[PDB]
Structures are given as structure tokens and as C-alpha cells.
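K.L.:
What follows is entry17.txt; its format and atoms are compact mmCIF, N, CA and C atoms and all ligand atoms.
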```txt
# COMPACT_ATOMS: atom_id res chain seq x y z
N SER A 1 7.58 -17.73 -9.80
CA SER A 1 8.91 -17.04 -9.99
C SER A 1 8.82 -15.54 -9.67
N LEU A 2 9.97 -14.87 -9.60
CA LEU A 2 10.00 -13.47 -9.17
C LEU A 2 9.22 -12.57 -10.11
N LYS A 3 9.52 -12.63 -11.42
CA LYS A 3 8.75 -11.84 -12.38
C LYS A 3 7.28 -12.22 -12.36
N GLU A 4 6.99 -13.50 -12.15
CA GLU A 4 5.61 -13.93 -11.93
C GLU A 4 5.00 -13.20 -10.73
N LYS A 5 5.67 -13.24 -9.58
CA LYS A 5 5.21 -12.53 -8.38
C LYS A 5 5.08 -11.02 -8.64
N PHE A 6 6.10 -10.41 -9.25
CA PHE A 6 6.01 -8.98 -9.52
C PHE A 6 4.84 -8.67 -10.45
N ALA A 7 4.58 -9.55 -11.41
CA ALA A 7 3.43 -9.33 -12.28
C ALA A 7 2.13 -9.27 -11.49
N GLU A 8 2.01 -10.10 -10.46
CA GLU A 8 0.84 -10.05 -9.60
C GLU A 8 0.84 -8.77 -8.77
N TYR A 9 2.00 -8.43 -8.20
CA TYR A 9 2.13 -7.27 -7.33
C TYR A 9 1.78 -5.97 -8.03
N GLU A 10 2.23 -5.83 -9.27
CA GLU A 10 2.17 -4.56 -10.00
C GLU A 10 0.77 -3.99 -10.02
N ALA A 11 -0.24 -4.84 -10.11
CA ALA A 11 -1.60 -4.37 -10.25
C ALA A 11 -2.28 -4.11 -8.92
N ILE A 12 -1.72 -4.63 -7.83
CA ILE A 12 -2.38 -4.49 -6.53
C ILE A 12 -2.29 -3.05 -6.04
N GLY A 13 -1.11 -2.45 -6.12
CA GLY A 13 -0.89 -1.14 -5.55
C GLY A 13 -1.89 -0.10 -6.03
N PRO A 14 -2.12 -0.05 -7.33
CA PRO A 14 -3.10 0.94 -7.82
C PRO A 14 -4.53 0.65 -7.39
N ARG A 15 -4.93 -0.62 -7.27
CA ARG A 15 -6.25 -0.91 -6.73
C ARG A 15 -6.38 -0.42 -5.29
N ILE A 16 -5.32 -0.60 -4.50
CA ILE A 16 -5.32 -0.13 -3.12
C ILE A 16 -5.46 1.37 -3.09
N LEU A 17 -4.66 2.07 -3.91
CA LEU A 17 -4.71 3.52 -3.90
C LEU A 17 -6.09 4.02 -4.30
N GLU A 18 -6.73 3.36 -5.27
CA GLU A 18 -8.07 3.75 -5.68
C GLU A 18 -9.07 3.64 -4.54
N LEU A 19 -8.94 2.60 -3.70
CA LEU A 19 -9.81 2.39 -2.54
C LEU A 19 -9.64 3.47 -1.47
N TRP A 20 -8.38 3.85 -1.18
CA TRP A 20 -8.13 4.93 -0.25
C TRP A 20 -8.80 6.21 -0.72
N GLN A 21 -8.71 6.52 -2.03
CA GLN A 21 -9.32 7.72 -2.59
C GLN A 21 -10.83 7.64 -2.49
N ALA A 22 -11.38 6.44 -2.74
CA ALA A 22 -12.80 6.20 -2.57
C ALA A 22 -13.21 6.33 -1.11
N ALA A 23 -12.34 5.91 -0.20
CA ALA A 23 -12.68 6.04 1.21
C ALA A 23 -12.73 7.51 1.61
N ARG A 24 -11.81 8.33 1.11
CA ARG A 24 -11.82 9.74 1.47
C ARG A 24 -13.02 10.46 0.89
N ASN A 25 -13.37 10.16 -0.37
CA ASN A 25 -14.57 10.76 -0.96
C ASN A 25 -15.79 10.40 -0.13
N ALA A 26 -15.93 9.12 0.21
CA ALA A 26 -17.07 8.69 1.00
C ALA A 26 -17.12 9.37 2.37
N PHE A 27 -15.98 9.44 3.06
CA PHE A 27 -15.94 10.07 4.37
C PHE A 27 -16.34 11.55 4.28
N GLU A 28 -15.81 12.28 3.30
CA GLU A 28 -16.15 13.70 3.19
C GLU A 28 -17.62 13.92 2.89
N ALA A 29 -18.32 12.91 2.39
CA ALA A 29 -19.72 13.05 2.06
C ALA A 29 -20.62 12.53 3.16
N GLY A 30 -20.05 11.99 4.24
CA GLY A 30 -20.81 11.47 5.36
C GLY A 30 -21.28 10.04 5.20
N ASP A 31 -20.89 9.35 4.12
CA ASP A 31 -21.34 7.98 3.83
C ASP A 31 -20.53 6.97 4.64
N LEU A 32 -20.87 6.85 5.93
CA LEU A 32 -20.02 6.10 6.86
C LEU A 32 -20.12 4.60 6.63
N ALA A 33 -21.28 4.13 6.16
CA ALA A 33 -21.41 2.75 5.73
C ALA A 33 -20.35 2.39 4.71
N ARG A 34 -20.26 3.20 3.66
CA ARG A 34 -19.37 2.85 2.56
C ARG A 34 -17.92 2.96 2.99
N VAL A 35 -17.59 3.94 3.85
CA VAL A 35 -16.22 4.00 4.36
C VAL A 35 -15.86 2.70 5.06
N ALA A 36 -16.76 2.18 5.88
CA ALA A 36 -16.47 0.95 6.60
C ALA A 36 -16.27 -0.22 5.66
N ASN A 37 -17.09 -0.29 4.60
CA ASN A 37 -16.94 -1.35 3.60
C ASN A 37 -15.59 -1.25 2.93
N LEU A 38 -15.23 -0.03 2.52
CA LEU A 38 -13.94 0.21 1.87
C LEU A 38 -12.79 -0.17 2.78
N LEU A 39 -12.88 0.21 4.06
CA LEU A 39 -11.83 -0.15 4.99
C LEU A 39 -11.72 -1.66 5.14
N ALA A 40 -12.84 -2.36 5.05
CA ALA A 40 -12.80 -3.81 5.12
C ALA A 40 -12.23 -4.42 3.85
N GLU A 41 -12.53 -3.82 2.69
CA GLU A 41 -11.89 -4.30 1.47
C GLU A 41 -10.38 -4.06 1.54
N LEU A 42 -9.97 -2.93 2.12
CA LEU A 42 -8.56 -2.59 2.17
C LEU A 42 -7.79 -3.54 3.10
N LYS A 43 -8.43 -4.03 4.16
CA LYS A 43 -7.73 -4.94 5.05
C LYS A 43 -7.23 -6.15 4.28
N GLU A 44 -8.08 -6.70 3.41
CA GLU A 44 -7.70 -7.93 2.74
C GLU A 44 -6.67 -7.66 1.64
N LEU A 45 -6.86 -6.59 0.85
CA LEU A 45 -5.91 -6.28 -0.23
C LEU A 45 -4.56 -5.88 0.34
N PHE A 46 -4.55 -5.04 1.35
CA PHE A 46 -3.28 -4.62 1.91
C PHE A 46 -2.53 -5.81 2.48
N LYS A 47 -3.24 -6.76 3.11
CA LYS A 47 -2.57 -7.98 3.57
C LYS A 47 -1.95 -8.73 2.39
N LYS A 48 -2.67 -8.85 1.27
CA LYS A 48 -2.11 -9.53 0.10
C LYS A 48 -0.86 -8.81 -0.40
N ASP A 49 -0.94 -7.48 -0.49
CA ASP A 49 0.18 -6.67 -0.99
C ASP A 49 1.43 -6.96 -0.18
N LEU A 50 1.32 -6.85 1.15
CA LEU A 50 2.46 -7.04 2.05
C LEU A 50 3.00 -8.46 1.98
N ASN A 51 2.12 -9.47 1.89
CA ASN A 51 2.61 -10.82 1.74
C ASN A 51 3.42 -10.98 0.47
N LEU A 52 2.97 -10.37 -0.64
CA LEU A 52 3.65 -10.51 -1.93
C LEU A 52 4.98 -9.77 -1.94
N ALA A 53 5.00 -8.53 -1.42
CA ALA A 53 6.22 -7.76 -1.29
C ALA A 53 7.26 -8.51 -0.46
N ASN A 54 6.84 -9.14 0.65
CA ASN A 54 7.82 -9.88 1.45
C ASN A 54 8.35 -11.09 0.69
N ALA A 55 7.46 -11.77 -0.06
CA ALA A 55 7.87 -12.89 -0.90
C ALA A 55 8.86 -12.45 -1.98
N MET A 56 8.60 -11.32 -2.62
CA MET A 56 9.55 -10.82 -3.63
C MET A 56 10.89 -10.45 -3.01
N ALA A 57 10.88 -9.82 -1.83
CA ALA A 57 12.12 -9.49 -1.15
C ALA A 57 12.93 -10.75 -0.86
N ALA A 58 12.25 -11.83 -0.44
CA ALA A 58 12.99 -13.03 -0.11
C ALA A 58 13.58 -13.65 -1.36
N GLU A 59 12.82 -13.63 -2.46
CA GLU A 59 13.34 -14.20 -3.70
C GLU A 59 14.47 -13.35 -4.27
N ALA A 60 14.41 -12.04 -4.11
CA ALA A 60 15.48 -11.18 -4.63
C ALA A 60 16.75 -11.39 -3.84
N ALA A 61 16.62 -11.58 -2.52
CA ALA A 61 17.78 -11.95 -1.72
C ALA A 61 18.34 -13.31 -2.15
N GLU A 62 17.47 -14.31 -2.37
CA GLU A 62 17.98 -15.61 -2.81
C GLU A 62 18.78 -15.49 -4.10
N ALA A 63 18.41 -14.58 -5.00
CA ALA A 63 19.12 -14.40 -6.27
C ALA A 63 20.34 -13.49 -6.15
N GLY A 64 20.60 -12.93 -4.98
CA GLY A 64 21.74 -12.03 -4.87
C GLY A 64 21.59 -10.78 -5.70
N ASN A 65 20.36 -10.34 -5.94
CA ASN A 65 20.08 -9.13 -6.71
C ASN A 65 20.11 -7.94 -5.76
N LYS A 66 21.33 -7.38 -5.59
CA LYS A 66 21.57 -6.29 -4.65
C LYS A 66 20.62 -5.11 -4.86
N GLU A 67 20.48 -4.64 -6.07
CA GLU A 67 19.68 -3.43 -6.18
C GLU A 67 18.20 -3.71 -6.07
N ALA A 68 17.71 -4.90 -6.42
CA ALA A 68 16.30 -5.15 -6.13
C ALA A 68 16.07 -5.33 -4.63
N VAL A 69 17.03 -5.97 -3.93
CA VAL A 69 16.93 -6.09 -2.48
C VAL A 69 16.81 -4.73 -1.84
N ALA A 70 17.63 -3.77 -2.29
CA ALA A 70 17.55 -2.44 -1.69
C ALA A 70 16.21 -1.74 -1.97
N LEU A 71 15.70 -1.81 -3.21
CA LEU A 71 14.43 -1.19 -3.57
C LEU A 71 13.28 -1.88 -2.85
N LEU A 72 13.32 -3.21 -2.76
CA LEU A 72 12.25 -3.89 -2.05
C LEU A 72 12.29 -3.58 -0.56
N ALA A 73 13.48 -3.37 0.00
CA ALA A 73 13.62 -2.95 1.40
C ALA A 73 12.93 -1.61 1.64
N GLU A 74 13.12 -0.65 0.73
CA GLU A 74 12.43 0.63 0.81
C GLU A 74 10.92 0.44 0.72
N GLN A 75 10.48 -0.37 -0.24
CA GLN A 75 9.07 -0.63 -0.39
C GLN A 75 8.50 -1.20 0.89
N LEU A 76 9.16 -2.22 1.46
CA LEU A 76 8.61 -2.85 2.66
C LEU A 76 8.59 -1.88 3.83
N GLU A 77 9.59 -0.99 3.92
CA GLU A 77 9.63 -0.05 5.04
C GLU A 77 8.48 0.94 4.93
N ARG A 78 8.18 1.38 3.71
CA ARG A 78 7.06 2.29 3.49
C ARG A 78 5.73 1.58 3.71
N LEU A 79 5.61 0.33 3.27
CA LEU A 79 4.36 -0.38 3.50
C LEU A 79 4.12 -0.57 4.99
N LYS A 80 5.17 -0.89 5.77
CA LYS A 80 5.02 -1.06 7.21
C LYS A 80 4.53 0.26 7.83
N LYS A 81 4.98 1.41 7.32
CA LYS A 81 4.48 2.68 7.81
C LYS A 81 3.00 2.85 7.50
N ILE A 82 2.59 2.58 6.25
CA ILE A 82 1.18 2.66 5.90
C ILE A 82 0.36 1.71 6.74
N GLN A 83 0.85 0.48 6.98
CA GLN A 83 0.16 -0.49 7.82
C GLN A 83 -0.14 0.07 9.20
N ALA A 84 0.81 0.79 9.79
CA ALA A 84 0.58 1.37 11.11
C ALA A 84 -0.41 2.52 11.07
N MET A 85 -0.36 3.34 10.03
CA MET A 85 -1.33 4.42 9.92
C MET A 85 -2.70 3.88 9.59
N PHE A 86 -2.78 2.79 8.84
CA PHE A 86 -4.05 2.11 8.58
C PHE A 86 -4.68 1.62 9.88
N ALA A 87 -3.90 0.91 10.70
CA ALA A 87 -4.41 0.46 11.99
C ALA A 87 -4.89 1.64 12.82
N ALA A 88 -4.10 2.71 12.86
CA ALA A 88 -4.49 3.92 13.58
C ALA A 88 -5.79 4.50 13.04
N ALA A 89 -5.99 4.40 11.72
CA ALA A 89 -7.15 5.04 11.09
C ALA A 89 -8.43 4.28 11.36
N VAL A 90 -8.37 2.97 11.32
CA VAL A 90 -9.53 2.15 11.64
C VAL A 90 -9.94 2.42 13.08
N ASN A 91 -8.95 2.51 13.97
CA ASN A 91 -9.23 2.77 15.38
C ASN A 91 -9.88 4.14 15.53
N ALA A 92 -9.34 5.15 14.84
CA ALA A 92 -9.91 6.49 14.87
C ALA A 92 -11.31 6.54 14.25
N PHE A 93 -11.51 5.90 13.10
CA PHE A 93 -12.85 5.81 12.53
C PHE A 93 -13.86 5.16 13.48
N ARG A 94 -13.48 4.07 14.14
CA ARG A 94 -14.40 3.40 15.06
C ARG A 94 -14.69 4.22 16.31
N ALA A 95 -13.74 5.04 16.78
CA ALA A 95 -13.92 5.96 17.89
C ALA A 95 -14.71 7.20 17.50
N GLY A 96 -15.03 7.41 16.21
CA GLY A 96 -15.72 8.60 15.78
C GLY A 96 -14.89 9.85 15.75
N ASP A 97 -13.56 9.71 15.70
CA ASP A 97 -12.67 10.86 15.72
C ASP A 97 -12.39 11.30 14.29
N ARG A 98 -13.12 12.32 13.84
CA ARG A 98 -13.08 12.70 12.44
C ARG A 98 -11.78 13.40 12.11
N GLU A 99 -11.22 14.13 13.07
CA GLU A 99 -9.99 14.87 12.83
C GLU A 99 -8.83 13.90 12.62
N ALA A 100 -8.75 12.90 13.49
CA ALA A 100 -7.73 11.87 13.38
C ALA A 100 -7.92 11.08 12.09
N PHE A 101 -9.16 10.70 11.79
CA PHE A 101 -9.38 9.88 10.59
C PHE A 101 -9.06 10.64 9.32
N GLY A 102 -9.54 11.88 9.20
CA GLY A 102 -9.23 12.68 8.01
C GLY A 102 -7.74 12.94 7.85
N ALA A 103 -7.05 13.21 8.96
CA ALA A 103 -5.61 13.43 8.89
C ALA A 103 -4.87 12.18 8.45
N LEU A 104 -5.26 11.00 8.98
CA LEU A 104 -4.56 9.78 8.57
C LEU A 104 -4.86 9.39 7.12
N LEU A 105 -6.10 9.60 6.64
CA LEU A 105 -6.40 9.26 5.25
C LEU A 105 -5.50 10.04 4.33
N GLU A 106 -5.41 11.35 4.58
CA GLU A 106 -4.57 12.24 3.80
C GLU A 106 -3.13 11.76 3.80
N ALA A 107 -2.59 11.45 4.99
CA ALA A 107 -1.21 10.98 5.08
C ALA A 107 -1.01 9.63 4.40
N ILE A 108 -1.97 8.71 4.54
CA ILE A 108 -1.84 7.40 3.92
C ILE A 108 -1.79 7.55 2.42
N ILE A 109 -2.67 8.40 1.86
CA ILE A 109 -2.72 8.57 0.41
C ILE A 109 -1.44 9.19 -0.09
N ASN A 110 -0.89 10.14 0.66
CA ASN A 110 0.37 10.75 0.25
C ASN A 110 1.48 9.72 0.24
N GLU A 111 1.51 8.82 1.23
CA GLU A 111 2.50 7.75 1.20
C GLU A 111 2.28 6.80 0.03
N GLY A 112 1.02 6.40 -0.22
CA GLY A 112 0.76 5.46 -1.30
C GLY A 112 1.12 6.01 -2.67
N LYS A 113 0.82 7.29 -2.89
CA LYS A 113 1.18 7.91 -4.16
C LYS A 113 2.67 7.79 -4.42
N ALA A 114 3.48 7.88 -3.37
CA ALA A 114 4.91 7.88 -3.57
C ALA A 114 5.46 6.50 -3.88
N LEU A 115 4.69 5.45 -3.67
CA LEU A 115 5.17 4.12 -3.98
C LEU A 115 5.16 3.76 -5.45
N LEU A 116 4.34 4.40 -6.27
CA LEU A 116 4.25 4.02 -7.68
C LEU A 116 5.60 4.15 -8.41
N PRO A 117 6.37 5.24 -8.30
CA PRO A 117 7.71 5.24 -8.94
C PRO A 117 8.66 4.22 -8.38
N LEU A 118 8.50 3.86 -7.11
CA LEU A 118 9.40 2.86 -6.54
C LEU A 118 9.09 1.47 -7.10
N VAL A 119 7.80 1.15 -7.30
CA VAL A 119 7.39 -0.07 -7.99
C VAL A 119 7.93 -0.08 -9.41
N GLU A 120 7.96 1.09 -10.07
CA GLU A 120 8.50 1.14 -11.42
C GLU A 120 9.97 0.78 -11.42
N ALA A 121 10.73 1.29 -10.44
CA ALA A 121 12.15 0.97 -10.34
C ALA A 121 12.37 -0.50 -10.03
N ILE A 122 11.54 -1.07 -9.15
CA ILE A 122 11.65 -2.50 -8.85
C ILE A 122 11.48 -3.33 -10.11
N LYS A 123 10.58 -2.93 -11.01
CA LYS A 123 10.37 -3.67 -12.26
C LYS A 123 11.64 -3.70 -13.09
N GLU A 124 12.33 -2.56 -13.20
CA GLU A 124 13.59 -2.48 -13.92
C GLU A 124 14.67 -3.32 -13.26
N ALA A 125 14.63 -3.44 -11.93
CA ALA A 125 15.75 -3.99 -11.19
C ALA A 125 15.72 -5.52 -11.08
N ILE A 126 14.55 -6.13 -11.20
CA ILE A 126 14.43 -7.58 -11.08
C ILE A 126 14.83 -8.22 -12.42
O1 LIG B 1 -1.20 1.36 0.53
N1 LIG B 1 -1.17 2.14 -0.48
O2 LIG B 1 -1.68 3.22 -0.52
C1 LIG B 1 -0.33 1.62 -1.63
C2 LIG B 1 -0.02 2.52 -2.68
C3 LIG B 1 0.77 2.10 -3.73
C4 LIG B 1 1.26 0.80 -3.73
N2 LIG B 1 2.07 0.06 -4.65
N3 LIG B 1 2.24 -1.11 -4.18
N4 LIG B 1 1.56 -1.30 -3.00
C5 LIG B 1 0.92 -0.09 -2.68
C6 LIG B 1 0.14 0.32 -1.60
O1 LIG B 2 10.78 6.30 -3.67
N1 LIG B 2 10.89 6.17 -4.96
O2 LIG B 2 10.00 6.52 -5.65
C1 LIG B 2 12.15 5.70 -5.42
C2 LIG B 2 12.39 5.45 -6.80
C3 LIG B 2 13.60 5.05 -7.24
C4 LIG B 2 14.74 4.85 -6.30
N2 LIG B 2 16.04 4.45 -6.42
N3 LIG B 2 16.57 4.48 -5.18
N4 LIG B 2 15.76 4.83 -4.29
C5 LIG B 2 14.52 5.09 -4.92
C6 LIG B 2 13.20 5.54 -4.45
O1 LIG B 3 17.76 -1.37 -13.49
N1 LIG B 3 18.05 -1.25 -12.36
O2 LIG B 3 18.67 -2.18 -11.80
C1 LIG B 3 17.77 -0.11 -11.50
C2 LIG B 3 18.49 0.14 -10.24
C3 LIG B 3 18.18 1.23 -9.48
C4 LIG B 3 17.16 2.14 -9.88
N2 LIG B 3 16.63 3.28 -9.37
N3 LIG B 3 15.71 3.68 -10.17
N4 LIG B 3 15.53 2.94 -11.19
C5 LIG B 3 16.47 1.90 -11.12
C6 LIG B 3 16.76 0.76 -11.91
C1 LIG B 4 21.62 1.56 -6.05
AS1 LIG B 4 20.10 2.65 -5.75
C2 LIG B 4 19.59 2.31 -3.95
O1 LIG B 4 20.55 4.22 -5.95
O2 LIG B 4 18.82 2.29 -6.89
ZN ZN B 5 18.25 -20.14 -0.32
ZN ZN B 6 16.21 4.97 -2.41
ZN ZN B 7 14.46 3.37 -12.75
ZN ZN B 8 17.41 4.09 -7.74
```
Written as C-alpha cells, that's how I'd like the structure from this file.

P.N.:
Amino acid sequence: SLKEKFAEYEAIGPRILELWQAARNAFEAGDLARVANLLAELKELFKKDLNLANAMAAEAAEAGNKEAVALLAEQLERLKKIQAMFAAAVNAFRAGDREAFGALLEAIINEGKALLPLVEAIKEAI
């Protein structure tokens, strides 16, 4: 059910954000092994997050819950942006482009931080 799905979703976002912060700490220290591991952990979690968000959006539409549909639409649009910067960042990390990678990590984290209040609103709205 929707609250069931949201209950699963609620805990994913902060685990993802913790990994991005861990990736930036590792990168700034030169620990390139660990950055790669973290990026690989993030691929699987971020895929789960997006699958769950899309599932919640579809269920909120089925229920005719206008304001959850709108909040989930914002969430999905922001996640799609992070997804593209993530793809860009892995490509930059593999190319050895430190300027591109550091810039994208910073931007990704800034986007992720902004999702926590939106998840809070989604909880109220469902
Ligand atoms: O990718 N992220 O950085 C990130 C941050 C917060 C989130 N909340 N829900 N999913 C999330 C993903
Ligand atoms: O981005 N937000 O954190 C956030 C929170 C509550 C909202 N209500 N409407 N748009 C919203 C966006
Ligand atoms: O309870 N709500 O349905 C609801 C709707 C829009 C919101 N924006 N921020 N928090 C919100 C809660
Ligand atoms: C109805 As609204 C998009 O201000 O939460
Ligand atoms: Zn239907
Ligand atoms: Zn809004
Ligand atoms: Zn609210
Ligand atoms: Zn609102």
C-alpha cells in the first residue's frame, strides 16, 4: 500500500545522502578505491529510490490525491536531475577529471539536501 511504500521510501533518502557525503570525504582524501565502492553502492540504492518514488506517484494518482501527486511530481523531477548529474559524475570520475567530479558531487549533495523537506511534505499529504 501507499503508506507501506512511503514507509520504505522514507529511510532510503537519508542513506543515499550519507553515501554522497562519504564519497566526497573519500575523494578529498585521495581514497579513490573507496569512492568507486561508494559510487557502486549508490547505483543500486538510487535505482531503488527512483523505482519506489515512481510507484508512489502512480498509487497517488490512482487515489486521486491531488496534492500528493503534485509533491511526488516535484520529487521525481528533482530525482531525475540528480540521476543525470550522477551519470555525469561517474563518467567524470572514470575519466580522471577531478574538477568535474568535485563540482558534480557538491551540486548533487546540494540537491539531495533539499529533498528532505519535500519528503516530509509528502508524508503529510498521503
Ligand atoms: O540522491 N540524493 O542525494 C537524495 C537525497 C535525499 C532523498 N530523499 N529521498 N530520496 C533522496 C535522494
Ligand atoms: O522542495 N521542498 O522542500 C518543498 C516542500 C514543500 C512544498 N510544498 N509545495 N512545494 C514544496 C516543495
Ligand atoms: O497535508 N497536506 O496535504 C499537505 C499539502 C501540501 C503541503 N506542502 N507542505 N506541506 C504540505 C502538506
Ligand atoms: C498545493 As502545494 C503544490 O502548494 O503543496
Ligand atoms: Zn487504476
Ligand atoms: Zn512546490
Ligand atoms: Zn507540510
Ligand atoms: Zn506545499

K.L.:
Once you count all atoms listed in the file, which residues end up within 7 Å of ligand ZN 6 (chain B), and could you hand them over as a PyMOL selection string?

P.N.:
chain A and resi 70-71+74

K.L.:
Pick out the residues no farther than 8 Å from ligand LIG 4 (chain B), counting only N, CA and C atoms and all ligand atoms, and list them as a ChimeraX atom specification.

P.N.:
/A:66-71,121

K.L.:
Would you pick out the contacts of residue A:79 at 10 Å or less, using only C-alpha atoms, so that residues sharing its chain but fewer than 6 positions from it are not included, and give the list as a list in words?

P.N.:
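So, after excluding close chain neighbours, the residues are residues 46, 49, 50, 53, 73, 85, 108, 111, 112 and 115 of chain A.
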
K.L.:
Which residue, A:28, A:8, A:62, A:18, has the smallest gap to ligand ZN 5 (chain B) when you use only N, CA and C atoms and all ligand atoms?

P.N.:
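Nearest candidate to ligand ZN 5 (chain B) out of A:28, A:8, A:62, A:18: A:62.
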
K.L.:
Identify which of the residues A:72, A:82, A:125, A:63 lies closest to ligand ZN 5 (chain B), counting all atoms listed in the file when measuring atom-to-atom distances.

P.N.:
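Among the listed residues, the smallest separation from ligand ZN 5 (chain B) belongs to A:63.
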
K.L.:
Counting only C-alpha atoms, which of A:102, A:43, A:48, A:91 gets nearest to residue A:25?

P.N.:
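For residue A:25, the nearest of the given residues is A:102.
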
K.L.:
Quick one: distance from atom N of residue A:15 to atom CA of residue A:45 in Å, one decimal?

P.N.:
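Separating atom N of residue A:15 from atom CA of residue A:45 is a distance of 9.1 Å.
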
K.L.:
Between atom CA of residue A:61 and atom C of residue A:114, what is the distance, to one decimal in Å?

P.N.:
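Rounded to one decimal, the two atoms are 22.3 Å apart.
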
K.L.:
Please identify all protein, DNA and RNA residues within 8 Å of ligand ZN 7 (chain B), counting all atoms listed in the file, and report them as JSON, numbers by chain.

P.N.:
{"A": [117, 120, 121, 122, 123, 124, 125]}

K.L.:
Measure the distance from atom CA of residue A:116 to atom CA of residue A:93 in Å and round it to one decimal.

P.N.:
26.5 Å
